[PDB]
Every structure is written in structure tokens, then in C-alpha cells.
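[1] coordinates for the following, if possible.
(2 chains, ligands or ions: 8)
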Amino acid sequence: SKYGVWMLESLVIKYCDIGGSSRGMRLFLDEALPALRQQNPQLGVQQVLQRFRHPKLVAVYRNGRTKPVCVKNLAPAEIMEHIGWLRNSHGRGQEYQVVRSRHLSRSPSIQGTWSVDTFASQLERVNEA
RNA sequence: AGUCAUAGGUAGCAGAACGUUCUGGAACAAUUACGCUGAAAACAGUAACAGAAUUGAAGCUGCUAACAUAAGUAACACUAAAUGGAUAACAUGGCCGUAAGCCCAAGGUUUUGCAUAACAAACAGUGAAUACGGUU
Ligand SMILES: [Mg+2]
Ligand SMILES: [Mg+2]
Ligand SMILES: [Mg+2]
Ligand SMILES: [Mg+2]
Ligand SMILES: [Mg+2]
Ligand SMILES: [Mg+2]
Ligand SMILES: [Mg+2]
Ligand SMILES: [Mg+2]
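    Numbers count the residues shown, from 1 in each chain, chains lettered A, B, ... in the order given. Ligands and ions are numbered 1, 2, ... in the order given. Sharing the structure here:
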């Protein structure tokens, strides 16, 4: 969530009726998705059905970004931790990695950055001796 | 789901998995896929459970095919010699002349003739009549 706004506007879930890779996804829809819907009231969860394709998990973000994740052969615990990563993020991918100082700010230097002029008056008295 | 303990490795040994082709379980792509990302890796994004393997390739001066490099480089020097706005019929000059001329043999087997581009090989051509060579 950025500035209080939740940033994950919609989640799209695609599955299969007969496919064996969608056993965990059908179990997740049947027993675990009402808890996800109750715990996340800002979310919008769609339910699309693809009768011959592997289960997918498409996350739609409020900055216009979209990220498709495939969840074939996954238990409902692994699907829930995938949605935990999708919900708690802004959607940046595998390639982004953030600034290495781990710090980012407008206005770093209160009192002004050190320059050539900050301690000019003291250094001439230092050179006086 | 909180604390601890362990995690360098060649040869070797052990354990867990990914992927390719085919088959059984009635049929998992007629009208495709395409939010561009996910995962520790092999990878994934058109089942799953089992099974059968000509099942995984930068690495054998391996084989096959294609494409580069050297490189527009080397070569286009055995000879008589060419010129006139043409590989000219005409003119000028030169070279061989016991050959670079003429007639045959062996061998080749149509390589032989025709169009100031062309639509032309699809068309022509080898005649024993001097007691020519053979066949005897
Ligand atoms: Mg070790
Ligand atoms: Mg150690
Ligand atoms: Mg079958
Ligand atoms: Mg399928
Ligand atoms: Mg083999
Ligand atoms: Mg040249
Ligand atoms: Mg001439
Ligand atoms: Mg002859």
C-alpha cells in the first residue's frame, strides 16, 4: 500500500473443471477464498474458467501494472502465500532490485550539505597558527 | 512456525526432483496463444495418476548441412602483336610455315549449321556410283 491506498485493485483467478493441476486451486476456491474475501474488503476477486489450461493468478495493480502468475500443481497453502506476496507488494518483478543504500528520501540534508564554505571562518584561524 | 545443530569439495557413494517421445485409464488444443511474468535449479505459462524408452550434448583432430574469416586478398606472366568507336567482312602490321598448314588413325559421340538477342532447339545435317575401309 502506497500512501494508505491499497495498490492492488483486482485479482483474477483462472482454473479448470477437469484438470488435475487445478485440484489445489479448486480446493482453495472452495475452502479458503471466502476468508481471503472477508479479510481483504478492498479487493476485487474475479473467477474465470479455462477448461483445458493450467491455473493462473493475474494481479491487477493501481499503477496500471499487471502480473500473471501460474499456480499449477500447488497446494492451497502455496497459493495463499503467492497471494500474500501479490497483495503485500506493488508488483515489481525479478529484475528491479532496489537501491543498495536501502534509503531513499527527498531532502537528505537538513542544515545543508557540507561545502567549501561551511567552516571557512575556522580554517583561517587554524592556518593563523 | 518458536528455539537450537549442521551445510568447501575431486574420485566415489547415497537421497530428492525437472524435461523429451509414446501408451493405459471414454475423449485435456475444432473455433489458437498473446495482462508478462513466476520459481532454488533443471524450467514453467494447454491436465493429472501410472507405465515403455533409439530420453537430455560447447566439450570424441567426431559425421552431415549451411554460413563466415583469411579477402574483394592471391591468381587471371609459357607463347607471335596488334590497330582503325565491332572478338568485322575491309584496310594496316605481325607470327608459324617439317608447323601453329593439309589428310587420316585411336579415342570422343552430336561437341557440327542457321537469328545485327532471339521465343533457337522444339529445327536441320553424315548419300559408296571409281574394283573407298571393313565383313571374307
Ligand atoms: Mg557439501
Ligand atoms: Mg562451513
Ligand atoms: Mg489416454
Ligand atoms: Mg490440459
Ligand atoms: Mg542415444
Ligand atoms: Mg580488383
Ligand atoms: Mg579489331
Ligand atoms: Mg572417329
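[2] need the longest strand for chain A.
    Ranked by residue count, the top strand of chain A under DSSP state E comes out as strand A:8-15.
[3] and it, which strands flank it?
    Partner strands and pairing direction for strand A:8-15 (DSSP bridges) are strand A:45-49 (parallel), strand A:56-61 (antiparallel).
[4] kindly format the C-alpha coordinates of it as PDB.
    What follows is strand A:8-15, C-alpha atoms only, in PDB (Å, rounded to 0.1, in the frame of the first residue of the first chain):
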ATOM      1  CA  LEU A   8      -3.800  -4.000  -5.600                       C
ATOM      2  CA  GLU A   9      -7.200  -3.200  -7.200                       C
ATOM      3  CA  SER A  10      -8.100  -6.600  -8.600                       C
ATOM      4  CA  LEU A  11      -7.100 -10.200  -8.600                       C
ATOM      5  CA  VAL A  12      -8.100 -12.600 -11.400                       C
ATOM      6  CA  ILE A  13      -8.200 -16.400 -10.800                       C
ATOM      7  CA  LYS A  14      -8.400 -18.800 -13.700                       C
ATOM      8  CA  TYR A  15      -8.900 -22.500 -13.200                       C
END
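[5] check whether it comes near RNA strand B.
    Yes. With C-beta under 7 Å from any atom of the strand as the measure, strand A:8-15 is seen reaching RNA strand B through residue A:12. Bear in mind the C-beta positions are built from the backbone N, C-alpha and C, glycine included.
[6] that concludes my questions; thank you for your assistance.
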